[PDB]
Amino acid sequence: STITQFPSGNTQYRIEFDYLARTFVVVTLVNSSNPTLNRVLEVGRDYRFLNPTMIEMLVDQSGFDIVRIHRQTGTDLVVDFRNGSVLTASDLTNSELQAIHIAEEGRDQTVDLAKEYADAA
Amino acid sequence: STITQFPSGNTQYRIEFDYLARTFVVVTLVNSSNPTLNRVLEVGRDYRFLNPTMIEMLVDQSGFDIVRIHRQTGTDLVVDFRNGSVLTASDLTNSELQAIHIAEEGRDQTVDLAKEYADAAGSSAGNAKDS
Amino acid sequence: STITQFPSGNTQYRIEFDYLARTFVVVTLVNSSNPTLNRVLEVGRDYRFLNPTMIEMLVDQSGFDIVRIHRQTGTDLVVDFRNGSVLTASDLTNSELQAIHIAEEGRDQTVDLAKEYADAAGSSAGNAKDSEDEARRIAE
Amino acid sequence: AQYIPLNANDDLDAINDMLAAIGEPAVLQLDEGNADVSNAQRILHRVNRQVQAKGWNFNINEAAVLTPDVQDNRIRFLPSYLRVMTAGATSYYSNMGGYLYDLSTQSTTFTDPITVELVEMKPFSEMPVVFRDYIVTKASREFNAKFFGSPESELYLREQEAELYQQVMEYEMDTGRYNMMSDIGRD
Amino acid sequence: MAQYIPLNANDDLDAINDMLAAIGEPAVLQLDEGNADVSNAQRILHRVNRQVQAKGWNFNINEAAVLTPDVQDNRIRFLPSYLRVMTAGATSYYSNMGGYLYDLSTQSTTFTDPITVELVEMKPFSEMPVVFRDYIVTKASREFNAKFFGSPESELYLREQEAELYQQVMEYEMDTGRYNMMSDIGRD
Amino acid sequence: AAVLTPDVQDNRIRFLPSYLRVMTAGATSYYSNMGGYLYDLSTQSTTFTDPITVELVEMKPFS
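Along each chain, numbering proceeds from 1 in written sequence order. Entry numbering may differ, and residues lacking coordinates are not shown. In the order they appear in the text, chains get letters beginning with A and ligands get numbers beginning with 1. Shown here is not the whole assembly but part of a larger one, and the values apply to the part shown. To obtain the side-chain values, all non-hydrogen atoms of the structure were used and water was disregarded.

This deposited entry lists cryo-EM as its structure determination method and 3.11 Å as its resolution.

Next up, the structure:
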């Protein structure tokens, strides 16, 4: 889907969903007992990209148990059309995939989060 | 709209919204007294399409009071683009329409699914503490 | 970011989002205490445009304390492709933008109602979880 | 006789003049065209934005009331802003994540309206004539330079540009009187 | 837009397209990693941005900044986003040794209470004033032309453009601060 | 010395495309065009109510 939870206490983690730009990925450490104890990491100071699907963390765990990764698509155009240029299929694919991703996330994310909280309860 | 309500004990019904494929439309039976059962039907042996705007059923029960019909679009590219093929106008039109829909689907059922999941979790917490 | 509110009393207000046409902008007067007295203003008799990013009010602001501005895009198509014609970028561009805009209002609308209830459910789940679990662990 | 133009626009004519530097005839519309029409607009827009940002007597506004929001106290940073400064003092203003940031206090939590000095942008078709001619010549020089090297077409635009620059300055000086002997009086 | 700024513009794509213009080729329309030119151009742009941002301007230096030591071991990390570390009004001896803060005066890497220094951090490209962006783009274009495709006419113009932009940056810098030399002076 | 007069229904003054320079005789001036109407930067409005006197230059045919 567009949200995933992994146990804490590791060095590497997997990215499974699809994205259009590398700056659309968000990482966050969550504590089960304390709801307001959450913090949001930041790229370069906390983690780095080993390959298009691998991330390596450089922080120390403590009062946390689960690692959460979700997606958030941006607002800016990915493809901008101009007369006199070569046109292929991938352009037309991405131009629609952007809006489809936005709609899918905005519809699903919170419902899936409520699902996981529900069965965790 | 996107969600429709229909009383049971009838033979024929209609459809009140556009769609892109026959698989998108979803029909299920509703029993208000027992929210838990809410059996969901499926194509072929239960209902069949003659007129694109009409629904004609095969089987009926008598323990249920109302019927639910609603739309649910899928998150996959209906149209495919490839080098060497030809670009028509129908595909170009049908491409964007997909997104303009998902918007309303979210707009309606997101909120009222939130209620069900929330009070289910609350009741689970309550009976967990009690028992 | 498509819904904003400002205090009432001034004479000029700013527009802070893009739009495709001047008919996609809505201005309304808000009463915080009783929300059954809201009104909608019509262009020409209540407000006017100076530049693409500013307006002026022309009516009396009595009994009101918030002013709200939001964007509402229509659903009818803008470009109509037909066979046997030349393909141009503007049509490709105008069509793309229309879709991205709508999806944005949809998400911004739904998140508002979703987030608080999701948070309440999560907090209740966590409270029941730790309370019951460690309490019964200590008990037995 | 006289010259009465047919369906005149202030952008199509500018593009046509920029095309004349190479030596190609005019056009009738902008919706569809070859690459050159799609290569001139970028340069024209960039040059316009660059020139408009120097700060002249008819741009700088010394009093403007920016107001915060009501739900979360913050101030947005629209892409039509060019300069943000305070008039009679030193200022520390910058952009961080599409919001106004004050380096002195290291926060983005403004609570009350603020008065600053800013310069906004205007569409190309409402500037005075001399500025438009100067911008067109400046754009034409670069367009000739980066796509078709011709010596005869060069060596003339520079001479024209110098005179246009002088005219711009001499126009600017007459807008404000600027008398130095002001607020000076006693027996 | 024909009469105004285009809607939802991408700054990095525009910068790449402007860099490609000096060679004499049209746009690229995607900004993808498959093409050879994009990968070469992006590194140069990033390097020039980092170099220019490190000179020190009135909106970078933060006089009062607080750093805190770790709990388990008394050390302070040296993040890769720091550019200059100095004290406010005195001589300083700071350096990096094994990803940690080192003090040459004391010859140790152990700090026991938080300290206060000044530093300069890095910012994303699309969050800078306009004149700086134009200056950076011109400087990057010159190097890209010089290193991969020798054109004799595209030159002899970028030099004048760079000089003009440098001047304009100077007037912009001298305007934010007033810098009155006759302060702190007064008596009968 | 030239005289410009406002409209009756609304209070605005048009900006014809034959104007070349607009200035005040013996003082500083702030005049410009914004949406086909006369704008005064000092007051930040376009609501002139009475006729004013300005200094301008108009165009003439080549012949």
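That covers the picture; the talk isn't over yet.
Asks: What exactly am I supposed to notice about the overall build of chain D here?
Replies: Counting its regular elements, chain D contains four helices and five strands. For helices the rule is a DSSP run of H or I covering at least 4 residues; for strands it is a run of E covering at least 2, with both sets numbered from the N terminus onward. Starting at the N terminus and ending at the C terminus, chain D contains elements arranged as α-α-β-β-β-β-β-α-α. Both definitions apply: the radius of gyration is a C-alpha atom measure, and the globule rule equals 2.2 Å times residues to the power 0.38. Whereas a compact globule of 187 residues would reach a radius of gyration of roughly 16 Å, chain D reaches 22 Å, over 25% beyond that. Judged by the C-alpha coordinates and their principal axes, chain D covers about 60 × 60 × 35 Å.

Asks: Help me out: how do you make sense of the sheet that holds strand β3 (residues 25–30) of chain B in this one?
Replies: Hydrogen bonds between backbone groups are what pair the strands of a sheet, and the pairing can be parallel or antiparallel. Residues and elements named next belong to chain B. Within the open sheet, the three strands sit side by side as β1-β6-β3. Their pairing is antiparallel. Because the sheet does not close on itself, it has two edges, and the strands there are β1 (3–7) and β3. Averaged over all pairs of adjacent strands, the angle between strand axes in this sheet comes to 20 degrees, irrespective of strand direction. Pairs of strands are assigned from DSSP output, requiring at least two bridges between the strands. The axes used here are C-alpha line fits, helices contributing only the stretch in contact, and every angle between their N-to-C directions lies in the interval 0 to 180 degrees.

Asks: Quick question: what am I supposed to make of the layout of surface pockets here?
Replies: In this approach, a probe sized like a water molecule rolls over the atoms, and the result shows the empty space that is left. Put simply, the grid is 1 Å and covers the protein atoms alone, a cavity is a trapped set of points that fit a 1.4 Å probe, a pocket is an open set with protein on both sides within 12 Å along at least five of seven lines, and lining residues have an atom within 4 Å of a point. Grid points are joined across faces, edges and corners, and a volume is the space filled by probe spheres set on the points. As a volume, the second largest pocket reaches approximately 1400 Å³. In terms of lining, the second largest pocket is formed by 47 residues, of which the most central are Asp10(D), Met127(D), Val129(D), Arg132(D) and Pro17(F). Of all the secondary-structure elements, those providing two or more residues to the lining of the second largest pocket are α1 (12–20), α3 (129–147) and α4 (157–175) of chain D together with β2 (19–23) and β3 (31–33) of chain F. Taken together, the residues of the lining of the second largest pocket sort by class into 26 nonpolar, 14 polar and seven charged. For this classification, the nonpolar set comprises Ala, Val, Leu, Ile, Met, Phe, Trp, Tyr, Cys and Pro, the charged set comprises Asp, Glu, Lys and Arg, and every other residue, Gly included, is treated as polar.

Asks: Can you walk me through a negative patch on the surface in this structure?
Replies: All names here are of chain D. The patches described consist of residues with a relative accessible area above 30% and no salt bridge, like charges being joined within 9 Å and nonpolar side chains (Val, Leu, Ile, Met, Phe, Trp, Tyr) within 5 Å. Methods summary: accessible areas were calculated by the Shrake-Rupley approach with a probe of 1.4 Å, and residue burial reflects only the protein chains presented. For this analysis, a salt bridge means a side-chain nitrogen from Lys or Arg found within 4 Å of a carboxyl oxygen belonging to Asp or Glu. Charged residues are defined narrowly, with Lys and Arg counted positive, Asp and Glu counted negative, and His plus the chain ends left uncounted. All charge positions are set by atom: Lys at NZ, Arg at CZ, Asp at CG, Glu at CD. Taken together, the side chains of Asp10, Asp13, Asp17 and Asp133 make up a negatively charged region of the molecular surface. As for its placement among the helices and strands, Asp17 is situated in helix α1. Exposure categories follow from relative accessible area, calculated using a 1.4 Å probe and restricted to protein chains: below 20% of the type maximum is buried, above 50% is exposed, and the middle band is partly exposed. The partly exposed category is assigned to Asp17, whose relative accessible area is 45%.

Asks: Honestly, the nonpolar core in this entry has me stumped. Any pointers?
Replies: Soluble globular proteins tend to pack their nonpolar side chains together in the buried interior. Residue and element names in this part refer to chain C. Ranked by internal contacts, the top residues of the largest apolar core, which has 15 residues, are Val27, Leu29, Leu41 and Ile69. Those elements that provide at least two residues to this core are β3 (25–30), β6 (54–57) and β7 (66–71). Considering each element in turn, this core owes the most residues, three residues, to β3. Those residues within four positions of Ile69 in sequence are excluded, and the remaining contacts are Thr2, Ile3, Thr4, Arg14, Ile15, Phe17, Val25, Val26 and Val27. Buried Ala, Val, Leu, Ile, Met, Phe, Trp, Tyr and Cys residues form a nonpolar core when they are joined through side-chain atoms within 4.5 Å. Any two residues whose heavy atoms approach within 4.5 Å at even a single point are treated as in contact.

Asks: Looking at this model, I keep getting lost on the sheet that holds strand β1 (residues 62–67) of chain E. Mind explaining?
Replies: Residue and element names in this part refer to chain E. A sheet is described by the order of its strands in space; here three strands give the open sequence β1-β5-β2, paired in antiparallel fashion. At either end of the open sheet lies a strand with only one pairing partner, and these are β1 and β2 (82–86). Across the sheet, the mean angle separating the axes of adjacent strands is 50 degrees when strand polarity is ignored. Judged from the four bridges that link them, β2 and strand β5 (residues 115–121) form a sheet pairing that is antiparallel. Each bridged residue has a counterpart across the sheet, and for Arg84 the counterpart in β5 is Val120.

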